[PDB]
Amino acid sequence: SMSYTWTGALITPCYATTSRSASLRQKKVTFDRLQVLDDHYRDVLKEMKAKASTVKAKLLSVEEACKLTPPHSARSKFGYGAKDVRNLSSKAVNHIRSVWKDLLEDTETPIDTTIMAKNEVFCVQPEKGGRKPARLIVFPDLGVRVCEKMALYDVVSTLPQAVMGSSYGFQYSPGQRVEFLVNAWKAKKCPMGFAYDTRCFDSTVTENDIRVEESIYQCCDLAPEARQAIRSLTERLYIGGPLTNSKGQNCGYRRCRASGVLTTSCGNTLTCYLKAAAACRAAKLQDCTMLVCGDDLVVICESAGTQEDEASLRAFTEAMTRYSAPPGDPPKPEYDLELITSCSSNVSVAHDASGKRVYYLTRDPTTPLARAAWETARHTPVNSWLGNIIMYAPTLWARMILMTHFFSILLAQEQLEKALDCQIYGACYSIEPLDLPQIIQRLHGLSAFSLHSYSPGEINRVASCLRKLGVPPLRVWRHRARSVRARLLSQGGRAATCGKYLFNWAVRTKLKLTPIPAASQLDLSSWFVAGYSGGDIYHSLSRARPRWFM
């Protein structure tokens, strides 16, 4: 069937992407799907289902689902918003219960969704091609979104790890992700790795793929209401349904993956892993190790020879293509771990204070810098700069440019204690900048504060990027950081900890740096568990048992 059909009504609004480029994207994502399954597919599926059978899922109460709703989440068209939901207002709660009852009673009627163009900031690079069109977001009403959490929050948080095990990428912090990749690479006699990029993955997801995902969720121990809600949500929402623009006009119809449903990440991860694990068998790849994050797939295997590796890679592609997962860019075999770009990141190595080797994840900093620039210029709902500091804390660019620049602004605005929202693995987190030393110590280790001996390739990439974007050179940043550090140190408490730990690199005479005693208390239990892209998930960071002296 067609992934999408359009009435012709425009995708109306609500360098950066806008609704004007939405037409160009619609042409790309609108196509008929051709899917052929085989024995490898069926075998992998049964193996996945057997592991899913060990899961016991819980039905979330109305109160629990409401607290998971972001405060700025889209308002319902039924006279209430995210604030009313979080406060457990009578109107919001009564509507949610009516939506739930309707899922238990109605098993067939398609549920309405809103289609909208995403406004994301990308960089002005005219050296190769032109500006990329806006990505599209498809989401149901706020009421349907709360019910999705009640039925599937515990499923989508628990089931992917039980099924895929160590292959589930969202169970890893950036440090654990590097540990997984390095251990996998060094485990092979002669290693070969590749990244597989699917052209419009959400559009390649067929209605059978969605029914197959349900067959996996149905293996959980579920409360009868959860079982019926999952069944009704599959037929009425996940399989497809009608599209409505921001103005209320009928836009068309969807028969592929919705980007803004709770099961988007989980379903995409399961589907990608299933087709890839089956394709690995068809291509007859040796001792495979996979790492899957939604549509992002990386495979580390045992090399069979340059010509053989090229041949097996074409065979994997032909299998993936049959499964309705064709590539955008054809996959390339890599014989260095540092040469693999996975989740827009690559492995690099530095040294700690004692000269010991330390692996970390980095990336080209063009887009993180351009987005941080937009964020200082115009106040945005999500602060990509904060998330980049959290995720890329051990990197040369996040320490010298992002940390320095934003701590100087927070010092000037007297907003260090002010909690800001950032997206990590699709979920929204309300974090206070003062908590950054503690967070970094937990996700990356004490070493992240005393890392040095960066590679020539990494230094040159950071330096070239700064030149290309008109950003002052690294020496200017070291000078600015010494002032930021001094001002922070003088303020005491958590602010001094920010100066001492985050800007230790900026001083000629480096400090000892003992572990931060309060970092243990940080409740990070809901941090590197699962992916919730388009899931509309929110968590405010909390401290467990605070000591009076902290």
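Each residue number is its position in the shown sequence, starting from 1. Basically, rigid core = biggest C-alpha set you can superpose within 1.5 Å across the two forms.
Core superposition of the other structures onto this form places the C-alphas of 419-427 farther off in 8 other deposited structures of this protein than those of the other stretch among 193-201 and 419-427. Remark: when the other structures in 8 other deposited structures of this protein are fitted onto this one via the rigid core, 375-383 deviates more than the alternative among 375-383 and 398-406, judged by RMS CA distance. Going from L24 to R25, you skip over nothing: the modelled chain follows the deposited sequence without a break. Mean CA B-factor, 45-53 versus 515-523: the higher value falls on 515-523.
Per-stretch averaging of Cα B factors for 246-254 and 128-136 places 128-136 on top.
Across the residues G305, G426, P368, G457, the deposited record lists the maximum Cα B factor for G305.
Of the candidates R211, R461, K332, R86, it is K332 whose Cα B-factor is highest according to the PDB record. Annotation for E235: C-alpha temperature factor in the lowest third relative to the rest of the modelled chain, per the entry.
The entry lists a Cα temperature factor for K67 that places it in the middle third of the chain's modelled residues. In the deposited entry, the Cα temperature factor of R442 sits in the bottom third of values across the chain's modelled residues. Among the modelled residues of its chain, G267 has a C-alpha B-factor that falls in the middle third according to the deposited record. In the deposited entry, the Cα temperature factor of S408 sits in the middle third of values across the chain's modelled residues.
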